[PDB]
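Down below is the structure, laid out as structure tokens.
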Amino acid sequence: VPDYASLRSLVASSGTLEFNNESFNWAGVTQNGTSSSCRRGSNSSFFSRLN
Amino acid sequence: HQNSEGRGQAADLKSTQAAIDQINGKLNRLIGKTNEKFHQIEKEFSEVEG
Numbered sequence: 001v002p003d004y005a006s007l008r009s010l011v012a013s014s015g016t017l018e019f020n021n022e023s024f025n026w027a028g029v030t031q032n033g034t035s036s037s038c039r040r041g042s043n044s045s046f047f048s049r050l051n
Numbered sequence: 101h102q103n104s105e106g107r108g109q110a111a112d113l114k115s116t117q118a119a120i121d122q123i124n125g126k127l128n129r130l131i132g133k134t135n136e137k138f139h140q141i142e143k144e145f146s147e148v149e150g
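Heads up: the protein sequence lines correspond to chains A and B, in order. Following the numbering used here, the numbering of the first sequence begins with 1 at its first residue and continues without gaps. Following the numbering used here, the numbering of the second sequence begins with 101 at its first residue and continues without gaps.
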């Protein structure tokens with residue numbers, strides 16, 4: 001991620017991972033994409049916050 | 101002072117002025133010392149830059 005430290009420092013300063021998820025009518029595309037590198041126990045998965 | 105002639109009081113300007121000369125003298129080292137400077141970096145911010 002470009003300017004990594006800035007995100008770290010801006011997220012650190014906030015001091016909260018509070019998170020609400022919204023809805024984006026992603027028309028005609030496959031959500032919940034998956035990769036074998038991001039294992040979540042048995043099955044493969046992906047980052048929890050990204051689609 | 102108090103003698104047979106009675107009581108009395110008189111100031112000593114010579115040493116009094118010697119105190120003012122040291123005080124007024126430390127004032128002019130501090131009052132009006134200001135050195136001008138300009139275009140310092142922005143010290144306040146509105147957005148999150150990191």
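The C-beta atom is built at its ideal place from N, Cα and C for all residues, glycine as well.
Residues of its chain near residue i, where Cβ-Cβ distance is below 8 Å and the 5 sequence neighbours each way are ignored
i: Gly33/A; result: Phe46, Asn51
i: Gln31/A; result: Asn51
i: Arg129/B; result: none
i: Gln102/B; result: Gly108
7 Å CB neighbourhood of residue i in its chain, flanking five on each side removed
i: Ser35/A; result: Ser44, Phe46
Candidates the options: closest to residue i by CA position
i: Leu17/A; options: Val1/A, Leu7/A, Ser42/A; result: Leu7/A
i: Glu147/B; options: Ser42/A, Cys38/A, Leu10/A; result: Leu10/A
i: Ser13/A; options: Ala5/A, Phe19/A, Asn20/A; result: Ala5/A
Run of the alpha helix (DSSP H) containing residue i, from where it starts to where it stops
i: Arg129/B; result: 113-130
i: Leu7/A; result: 4-14
Residue span of the beta strand (DSSP E) that contains residue i, given as start and end
i: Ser37/A; result: 35-39
**OP:** Return the residues of the region 121-150 of chain B that lie within a Cβ-Cβ distance of less than 8 Å from chain A, sorted by chain order.
**Re:** Those would be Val148, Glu149, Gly150, in chain order.
Original post:
Name the residues in the region 8-39 of chain A whose C-beta lies less than 7 Å from a C-beta of chain B; which are they?
Top reply: Hits within the stretch, in order: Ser9, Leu10.
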